[PDB]
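K.L.:
Mind having a look at this structure? Questions to follow.
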Amino acid sequence: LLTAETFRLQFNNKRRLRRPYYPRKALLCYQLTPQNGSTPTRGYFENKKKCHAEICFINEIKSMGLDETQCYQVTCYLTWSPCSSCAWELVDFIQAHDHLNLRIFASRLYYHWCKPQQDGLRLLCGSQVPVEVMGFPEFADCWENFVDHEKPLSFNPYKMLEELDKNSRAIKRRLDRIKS
Amino acid sequence: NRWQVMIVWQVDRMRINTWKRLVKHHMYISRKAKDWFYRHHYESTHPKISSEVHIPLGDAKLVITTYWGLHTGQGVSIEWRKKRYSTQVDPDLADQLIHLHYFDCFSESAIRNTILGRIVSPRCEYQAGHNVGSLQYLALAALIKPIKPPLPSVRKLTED
Amino acid sequence: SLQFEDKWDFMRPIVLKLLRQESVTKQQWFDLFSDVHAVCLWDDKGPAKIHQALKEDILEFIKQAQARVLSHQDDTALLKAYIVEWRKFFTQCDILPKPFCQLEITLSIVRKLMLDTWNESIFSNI
Amino acid sequence: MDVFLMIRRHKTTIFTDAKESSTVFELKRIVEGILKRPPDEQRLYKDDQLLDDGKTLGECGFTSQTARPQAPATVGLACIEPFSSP
Amino acid sequence: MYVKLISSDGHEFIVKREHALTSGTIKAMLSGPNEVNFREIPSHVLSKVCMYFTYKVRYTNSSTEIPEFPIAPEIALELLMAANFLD
Amino acid sequence: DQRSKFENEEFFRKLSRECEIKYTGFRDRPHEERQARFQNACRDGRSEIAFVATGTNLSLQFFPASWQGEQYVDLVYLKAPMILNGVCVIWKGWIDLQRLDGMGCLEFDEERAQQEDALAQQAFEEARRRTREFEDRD
RNA sequence: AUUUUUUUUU
RNA sequence: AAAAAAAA
Ligand SMILES: [Zn+2]
Ligand SMILES: [Zn+2]
């Protein structure tokens, strides 16, 4: 799984990134909850060559197998949100599979100033898939979920989480105003 | 070997280009077709699909697919989809199903106002959505004659 | 234009003959159909004024029926009167709703109006 | 597409359908019998040719495109009474 | 079985019962307490109504070609009223 | 009413009449070579084949399964089950036994009609039957 | 490190 | 040259 340093660096939601100029890469943290009683299933994927994180996630969920008549709640925290090709592949996959309630949570928007990306996000919202910006609750959830806290770390996560939540207001407003 | 069979109506380049231009104009420049969708040729993994226009009707949708590399080549296909259930749809029924939700039609109290000579505000400029109905509509259309950029019609694109 | 003035009174004898199972010629039926359409079309205050007129007419007929059956307070007399009156309601619920088809188009309802009037006058009372 | 026809006997304006090349007797066997008239003492007419008596489906074989349900072609029987106008 | 609709001018149009059952007004008018008389519809409009009855009962089943009904506009308005009485 | 719908609606009457079907393709190539390409395309299902119905723009297109995602069809065995206009049908014909031309028509798919889901079918039925005209409140 | 413009401060 | 904010 992830790392505390990896979490704080790769899940940034700011528009500054300070003087150091490490690159931010799209990541997917998916979690499964079935209503039968099985434990939530946790996973994370990167933008492997060609296989964007979303597409990899789709292939993973298709390959690992699940019952068709049991409704499953899937939530994916995407670092960069889905692109237009991913916005269409995910829409098609979620229309094909009826029993999957998909919740996409984006820490920041991917080329939100371009028209096709806005249309893809509107498509995702319209086709039963609610895509919303990360706020403090999901930031904290994916913090204590997808990170091992055994190792020592600097920068108290309390501050980390509050910093991320504070950064995640302008982009929340941008997403709320981007749907039309 | 496994196959999937589906009906493609062969069209030439000019008509497909005109349909794409009209749907793009009314999606963005105009306001009638804002609720539709569009899947460009680079957003799909199908080697032959050049475009896909999605028209959401209620909880279902209508998908119009335009193809790349057929013979005697390209073509247009129409499908009606509702939660993994899909049917082939002819151009006339496609237009009729489109007109049910999107483009303005005569109001409920439109026959009466015309009967007394009163003005009727909401008309029906999408004639292609009406293919036999009732004599009231025929008389009304013969009474009032009902757009500079033509509206997107599936039957005109899928002509010949 | 011409709605409910010199028009509803024209069909009032026809309405009360249609009620109570009184013989009415077909030509009168066609005339009443035309008059109902003209009333519901020319000024459109049909599903309200025709509604009130039909409601008061059916209520008056129900009251007259109660007056004519209270003279038959005997249990056997009450039962036979109820039987013949149920035949009357069957015939009226069959025939009366048809002329007021345009009531549904604008907004039958006369059948359920008669149903609730009979429920209040008879079913609720007895 | 079978031919569609209307017969104008003065006021009466019967409407019916017939085959593309059906004989006149098939036109006036039972179809005219609705008027309670047997084939005897009855003869069809058509414009000015008068159709003679019957059995000749050649001249009576009106083309389908010439007589549509939207605009059926008159026949006549015996004068006709023209329709009124607003 | 053929019904005989009489217009306001006395012009009797005889039509098939299933063709004249298209309009709900006729279907409700006939059954109850044959032949149907009218007080307002003239001959030149009842004729068009019967023509439309035939045209619709013929072309409703068709799904490929639907030829247009030729309606003269100068009378269409009046025709509309008659249609509003029937359909 | 799916079973009855085939016998009267004109679309199926014109579609199911043993229509002549001609393969469209590499007609520019020599006829012997062209029928060789058709044979080797039918041999391994890794291409598309279109039949033009000989007179209309309507064409039946056979694409390989693995072209629109993974999610019976033969190839005298030209069985093509689909759901046309809301009713399950099978386009059946023969073109592969001959060189490059043949016959093709429609037959009812009773098995697919029974196996098809009900809610969406009646939803489409209500969508098709109803008319937009004079429906908006005013 | 997804880009452009605008505003304030040093 | 650097920091913070808003919009596309
Ligand atoms: Zn992507
Ligand atoms: Zn319309």
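As shown in the structure tokens, the chain order sets the letters A, B, ...; within each chain, residues go from 1, and ligands are also counted from 1 in the order they appear.
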Write out as a ChimeraX atom specification the set of residues from chain F that DSSP, computed on the backbone, places in helix (DSSP H, G or I).
P.N.:
/F:2-8,10-15,31-43,65-67,110-115,119-129
K.L.:
Take the residues just selected and output them with N, CA and C atoms as a compact mmCIF listing (two decimals), in the first residue's frame.
P.N.:
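Result went into part_30.txt, see below:
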```
# COMPACT_ATOMS: atom_id res chain seq x y z
N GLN F 2 -45.50 -9.31 -29.08
CA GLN F 2 -44.29 -9.42 -29.89
C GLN F 2 -44.48 -10.43 -31.01
N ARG F 3 -45.11 -11.57 -30.71
CA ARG F 3 -45.30 -12.61 -31.72
C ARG F 3 -46.16 -12.11 -32.87
N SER F 4 -47.22 -11.36 -32.57
CA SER F 4 -48.10 -10.87 -33.62
C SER F 4 -47.46 -9.73 -34.41
N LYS F 5 -46.56 -8.96 -33.78
CA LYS F 5 -46.05 -7.75 -34.40
C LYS F 5 -45.32 -8.03 -35.71
N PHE F 6 -44.76 -9.23 -35.86
CA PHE F 6 -44.02 -9.55 -37.07
C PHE F 6 -44.93 -9.60 -38.30
N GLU F 7 -46.16 -10.07 -38.13
CA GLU F 7 -46.99 -10.45 -39.27
C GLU F 7 -47.68 -9.27 -39.95
N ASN F 8 -47.76 -8.11 -39.32
CA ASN F 8 -48.48 -7.00 -39.93
C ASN F 8 -47.62 -5.77 -40.18
N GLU F 10 -45.16 -3.20 -41.49
CA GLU F 10 -44.62 -3.23 -42.84
C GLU F 10 -43.10 -3.36 -42.86
N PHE F 11 -42.42 -2.89 -41.81
CA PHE F 11 -40.96 -2.96 -41.78
C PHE F 11 -40.49 -4.41 -41.87
N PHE F 12 -41.11 -5.30 -41.11
CA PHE F 12 -40.74 -6.71 -41.15
C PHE F 12 -41.25 -7.40 -42.40
N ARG F 13 -42.39 -6.95 -42.94
CA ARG F 13 -42.87 -7.51 -44.20
C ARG F 13 -41.89 -7.24 -45.33
N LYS F 14 -41.35 -6.02 -45.39
CA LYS F 14 -40.36 -5.69 -46.42
C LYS F 14 -38.99 -6.27 -46.11
N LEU F 15 -38.66 -6.46 -44.82
CA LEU F 15 -37.38 -7.06 -44.48
C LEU F 15 -37.38 -8.57 -44.69
N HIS F 31 -12.15 -10.99 -59.21
CA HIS F 31 -13.25 -11.74 -58.61
C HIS F 31 -12.77 -13.00 -57.91
N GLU F 32 -11.85 -13.75 -58.53
CA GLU F 32 -11.30 -14.93 -57.87
C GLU F 32 -10.53 -14.54 -56.61
N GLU F 33 -9.67 -13.53 -56.72
CA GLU F 33 -8.96 -13.05 -55.54
C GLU F 33 -9.93 -12.50 -54.51
N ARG F 34 -10.96 -11.78 -54.95
CA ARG F 34 -11.91 -11.18 -54.02
C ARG F 34 -12.68 -12.25 -53.24
N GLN F 35 -13.14 -13.30 -53.92
CA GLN F 35 -13.80 -14.38 -53.20
C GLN F 35 -12.81 -15.13 -52.32
N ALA F 36 -11.53 -15.14 -52.68
CA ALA F 36 -10.52 -15.68 -51.77
C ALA F 36 -10.43 -14.86 -50.49
N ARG F 37 -10.44 -13.52 -50.62
CA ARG F 37 -10.42 -12.68 -49.42
C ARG F 37 -11.67 -12.89 -48.58
N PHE F 38 -12.83 -13.01 -49.23
CA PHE F 38 -14.05 -13.28 -48.47
C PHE F 38 -13.96 -14.61 -47.74
N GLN F 39 -13.44 -15.64 -48.40
CA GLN F 39 -13.33 -16.95 -47.77
C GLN F 39 -12.38 -16.91 -46.58
N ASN F 40 -11.23 -16.25 -46.72
CA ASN F 40 -10.30 -16.21 -45.60
C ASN F 40 -10.73 -15.23 -44.51
N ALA F 41 -11.62 -14.28 -44.83
CA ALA F 41 -12.21 -13.45 -43.79
C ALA F 41 -13.25 -14.22 -42.99
N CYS F 42 -14.03 -15.06 -43.67
CA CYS F 42 -14.97 -15.93 -42.97
C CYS F 42 -14.26 -17.07 -42.24
N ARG F 43 -13.04 -17.42 -42.66
CA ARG F 43 -12.31 -18.50 -42.02
C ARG F 43 -11.93 -18.14 -40.59
N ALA F 65 -16.17 -10.22 -32.23
CA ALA F 65 -16.65 -9.97 -30.87
C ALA F 65 -15.72 -9.05 -30.11
N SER F 66 -14.41 -9.26 -30.23
CA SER F 66 -13.43 -8.48 -29.48
C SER F 66 -13.07 -7.19 -30.20
N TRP F 67 -14.08 -6.39 -30.53
CA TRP F 67 -13.88 -5.05 -31.05
C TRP F 67 -14.61 -3.98 -30.26
N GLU F 110 -38.35 -16.65 -31.12
CA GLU F 110 -39.21 -16.93 -29.97
C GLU F 110 -38.39 -17.17 -28.71
N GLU F 111 -37.27 -17.88 -28.84
CA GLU F 111 -36.43 -18.16 -27.68
C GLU F 111 -35.87 -16.88 -27.07
N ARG F 112 -35.38 -15.98 -27.92
CA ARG F 112 -34.88 -14.70 -27.42
C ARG F 112 -36.01 -13.81 -26.93
N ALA F 113 -37.19 -13.92 -27.54
CA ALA F 113 -38.34 -13.16 -27.05
C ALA F 113 -38.71 -13.59 -25.64
N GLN F 114 -38.70 -14.90 -25.37
CA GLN F 114 -39.02 -15.38 -24.03
C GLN F 114 -37.91 -15.08 -23.04
N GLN F 115 -36.65 -15.18 -23.48
CA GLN F 115 -35.52 -14.97 -22.59
C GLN F 115 -35.23 -13.50 -22.32
N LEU F 119 -39.09 -5.56 -18.17
CA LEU F 119 -39.30 -4.16 -17.80
C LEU F 119 -38.83 -3.21 -18.89
N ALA F 120 -37.63 -3.44 -19.41
CA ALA F 120 -37.11 -2.56 -20.46
C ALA F 120 -37.91 -2.70 -21.75
N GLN F 121 -38.38 -3.92 -22.05
CA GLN F 121 -39.16 -4.11 -23.27
C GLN F 121 -40.46 -3.31 -23.21
N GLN F 122 -41.20 -3.42 -22.11
CA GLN F 122 -42.41 -2.61 -21.98
C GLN F 122 -42.10 -1.12 -21.87
N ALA F 123 -40.94 -0.75 -21.31
CA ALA F 123 -40.57 0.66 -21.30
C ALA F 123 -40.40 1.19 -22.72
N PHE F 124 -39.74 0.42 -23.58
CA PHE F 124 -39.63 0.81 -24.98
C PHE F 124 -40.99 0.82 -25.66
N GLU F 125 -41.86 -0.13 -25.31
CA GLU F 125 -43.19 -0.16 -25.90
C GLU F 125 -43.96 1.11 -25.57
N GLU F 126 -43.92 1.53 -24.30
CA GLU F 126 -44.58 2.77 -23.91
C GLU F 126 -43.94 3.98 -24.58
N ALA F 127 -42.61 3.97 -24.72
CA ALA F 127 -41.94 5.09 -25.38
C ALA F 127 -42.35 5.20 -26.84
N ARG F 128 -42.46 4.06 -27.53
CA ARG F 128 -42.80 4.07 -28.95
C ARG F 128 -44.26 4.41 -29.18
N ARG F 129 -45.16 3.83 -28.37
CA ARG F 129 -46.59 4.04 -28.58
C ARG F 129 -47.00 5.49 -28.36
```
K.L.:
Got a sec to check which residues lie within 9 Å of ligand 1, using only C-alpha atoms (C1' of nucleotides) and all ligand atoms, and send them as a list in words?
P.N.:
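What falls inside 9 Å of ligand 1 is residues 26, 47, 50, 51, 52, 53, 54, 55, 81, 82, 83, 84, 85, 86 and 87 of chain A.
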K.L.:
Write to file, as a PDB file, in the first residue's frame, the residues of the selection just made, with C-alpha atoms.
P.N.:
```
ATOM      1  CA  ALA A  26      -2.642  10.217 -11.262  1.00  0.00           C
ATOM      2  CA  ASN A  47      -1.199   5.324 -14.710  1.00  0.00           C
ATOM      3  CA  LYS A  50      -1.484   3.128 -21.774  1.00  0.00           C
ATOM      4  CA  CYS A  51      -3.523   1.539 -18.996  1.00  0.00           C
ATOM      5  CA  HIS A  52      -4.745   4.678 -17.278  1.00  0.00           C
ATOM      6  CA  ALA A  53      -5.591   4.104 -13.629  1.00  0.00           C
ATOM      7  CA  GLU A  54      -9.309   4.071 -14.279  1.00  0.00           C
ATOM      8  CA  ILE A  55      -9.024   1.571 -17.122  1.00  0.00           C
ATOM      9  CA  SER A  81     -10.026  12.736 -11.798  1.00  0.00           C
ATOM     10  CA  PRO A  82     -10.938  10.813 -14.979  1.00  0.00           C
ATOM     11  CA  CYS A  83     -10.057  12.018 -18.482  1.00  0.00           C
ATOM     12  CA  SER A  84     -12.513  12.051 -21.379  1.00  0.00           C
ATOM     13  CA  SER A  85     -11.509   8.611 -22.665  1.00  0.00           C
ATOM     14  CA  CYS A  86     -11.711   7.297 -19.104  1.00  0.00           C
ATOM     15  CA  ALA A  87     -14.918   9.270 -18.538  1.00  0.00           C
TER      16      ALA A  87
END
```
K.L.:
Write out as a VMD selection string the set of residues from chain D that DSSP, computed on the backbone, places in strand (DSSP E).
P.N.:
chain D and resid 3 to 9 12 to 18 73 to 74
K.L.:
Select residues of chain E: the criterion is any atom within 12 Å of an atom of chain B, counting only C-alpha atoms; output as a count of residues only.
P.N.:
44
K.L.:
Please return as an mmCIF file with N, CA, C and O atoms, in the first residue's frame the residues found within 6 Å of ligand 2, counting only C-alpha atoms (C1' of nucleotides) and all ligand atoms.
P.N.:
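To be explicit, this is the file written out as part.cif:
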```cif
data_model
loop_
_atom_site.group_PDB
_atom_site.id
_atom_site.type_symbol
_atom_site.label_atom_id
_atom_site.label_comp_id
_atom_site.auth_asym_id
_atom_site.auth_seq_id
_atom_site.Cartn_x
_atom_site.Cartn_y
_atom_site.Cartn_z
ATOM 1 N N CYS B 105 -42.776 21.491 -29.167
ATOM 2 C CA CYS B 105 -43.943 21.029 -29.905
ATOM 3 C C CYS B 105 -45.143 21.888 -29.524
ATOM 4 O O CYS B 105 -45.051 22.790 -28.686
ATOM 5 N N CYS B 124 -44.215 23.754 -33.324
ATOM 6 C CA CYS B 124 -43.436 22.538 -33.549
ATOM 7 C C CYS B 124 -42.628 22.739 -34.827
ATOM 8 O O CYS B 124 -43.143 22.539 -35.931
ATOM 9 N N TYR B 126 -39.813 21.027 -35.397
ATOM 10 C CA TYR B 126 -39.153 19.757 -35.693
ATOM 11 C C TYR B 126 -40.163 18.846 -36.385
ATOM 12 O O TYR B 126 -40.720 17.922 -35.794
ATOM 13 N N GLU F 133 -46.908 14.961 -29.251
ATOM 14 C CA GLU F 133 -47.851 16.008 -29.618
ATOM 15 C C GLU F 133 -48.909 16.213 -28.544
ATOM 16 O O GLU F 133 -49.480 15.249 -28.023
#
```
K.L.:
Please identify all polymer residues within 8 Å of residue 8 of chain H, counting only C-alpha atoms (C1' of nucleotides), omitting same-chain residues fewer than 4 positions from it, and present them as a list in words.
P.N.:
residues 113 of chain A; 4 and 5 of chain G
K.L.:
Could you save those same residues with N, CA and C atoms (P, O5', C5', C4', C3', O3' and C1' of nucleotides) as a PDB file, in the first residue's frame?
P.N.:
```
ATOM      1  N   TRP A 113     -10.120  23.440 -17.775  1.00  0.00           N
ATOM      2  CA  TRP A 113     -10.367  24.584 -18.642  1.00  0.00           C
ATOM      3  C   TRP A 113     -10.634  24.198 -20.091  1.00  0.00           C
TER       4      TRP A 113
ATOM      5  P     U G   4       1.292  29.559 -18.705  1.00  0.00           P
ATOM      6  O5'   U G   4       0.014  30.395 -19.159  1.00  0.00           O
ATOM      7  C5'   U G   4      -0.217  30.695 -20.529  1.00  0.00           C
ATOM      8  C4'   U G   4      -1.518  31.433 -20.719  1.00  0.00           C
ATOM      9  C3'   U G   4      -1.708  32.666 -19.850  1.00  0.00           C
ATOM     10  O3'   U G   4      -1.061  33.813 -20.372  1.00  0.00           O
ATOM     11  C1'   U G   4      -3.647  31.327 -19.737  1.00  0.00           C
ATOM     12  P     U G   5      -0.501  34.944 -19.379  1.00  0.00           P
ATOM     13  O5'   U G   5      -1.808  35.724 -18.912  1.00  0.00           O
ATOM     14  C5'   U G   5      -2.672  36.323 -19.866  1.00  0.00           C
ATOM     15  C4'   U G   5      -3.994  36.710 -19.254  1.00  0.00           C
ATOM     16  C3'   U G   5      -3.925  37.612 -18.034  1.00  0.00           C
ATOM     17  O3'   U G   5      -3.714  38.974 -18.360  1.00  0.00           O
ATOM     18  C1'   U G   5      -5.429  35.846 -17.613  1.00  0.00           C
TER      19        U G   5
END
```
K.L.:
Do you have the atom CA of residue 14 of chain C-atom CA of residue 61 of chain C distance handy?
P.N.:
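Computing the Euclidean distance for atom CA of residue 14 of chain C and atom CA of residue 61 of chain C yields 14.4 Å.
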K.L.:
Pick out the residues sitting within 6 Å of residue 1 of chain G, and hand them over as a list in words; count only C-alpha atoms (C1' of nucleotides), and ignore anything fewer than 4 positions along from it in its own chain.
P.N.:
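Using only C-alpha atoms (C1' of nucleotides), the neighbours found are residues 21, 22, 23 and 24 of chain A.
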K.L.:
Please dump the current selection as a PDB file, in the first residue's frame; keep N, CA, C and O atoms.
P.N.:
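After the write, part_23.pdb holds the following:
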```
ATOM      1  N   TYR A  21       9.916  20.715  -7.297  1.00  0.00           N
ATOM      2  CA  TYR A  21       9.072  20.506  -8.468  1.00  0.00           C
ATOM      3  C   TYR A  21       9.016  19.030  -8.836  1.00  0.00           C
ATOM      4  O   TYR A  21       9.201  18.634  -9.988  1.00  0.00           O
ATOM      5  N   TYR A  22       8.761  18.198  -7.833  1.00  0.00           N
ATOM      6  CA  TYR A  22       8.430  16.804  -8.070  1.00  0.00           C
ATOM      7  C   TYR A  22       7.138  16.707  -8.885  1.00  0.00           C
ATOM      8  O   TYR A  22       6.251  17.555  -8.759  1.00  0.00           O
ATOM      9  N   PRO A  23       7.011  15.698  -9.744  1.00  0.00           N
ATOM     10  CA  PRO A  23       5.786  15.560 -10.536  1.00  0.00           C
ATOM     11  C   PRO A  23       4.683  14.839  -9.778  1.00  0.00           C
ATOM     12  O   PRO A  23       4.928  13.920  -8.994  1.00  0.00           O
ATOM     13  N   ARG A  24       3.446  15.251 -10.050  1.00  0.00           N
ATOM     14  CA  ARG A  24       2.260  14.629  -9.471  1.00  0.00           C
ATOM     15  C   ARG A  24       1.627  13.725 -10.517  1.00  0.00           C
ATOM     16  O   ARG A  24       1.282  14.183 -11.611  1.00  0.00           O
TER      17      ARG A  24
END
```
K.L.:
When distances are computed from only C-alpha atoms (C1' of nucleotides), which of A:102, A:32, A:78, A:114 shows the smallest separation from chain G?
P.N.:
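Of A:102, A:32, A:78, A:114, the one nearest chain G, counting only C-alpha atoms (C1' of nucleotides), is A:114.
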K.L.:
Residues near residue 158 of chain B, anyone? I mean within 10 Å using only C-alpha atoms (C1' of nucleotides), not counting same-chain ones fewer than 2 positions away, as a list in words.
P.N.:
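My reading of the contact set: residues 8, 9, 10, 11, 12, 15, 16, 19, 75, 76, 77, 78, 90, 91, 92, 153, 154, 155, 156 and 160 of chain B; 57 and 58 of chain F.
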K.L.:
Contacts of residue 63 of chain B at 9 Å or less, counting only C-alpha atoms (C1' of nucleotides), minus same-chain residues fewer than 6 places along, as JSON, numbers by chain?
P.N.:
{"B": [52, 53, 54, 55, 56, 77, 78, 79, 80, 81]}
K.L.:
What is the atom CA of residue 163 of chain A to atom CA of residue 131 of chain A distance in Å?
P.N.:
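Atom-to-atom, atom CA of residue 163 of chain A to atom CA of residue 131 of chain A, that is 21.7 Å.
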K.L.:
How far is it from atom CA of residue 11 of chain D to atom CA of residue 34 of chain D, in Å with one decimal?
P.N.:
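It comes out at 15.3 Å.
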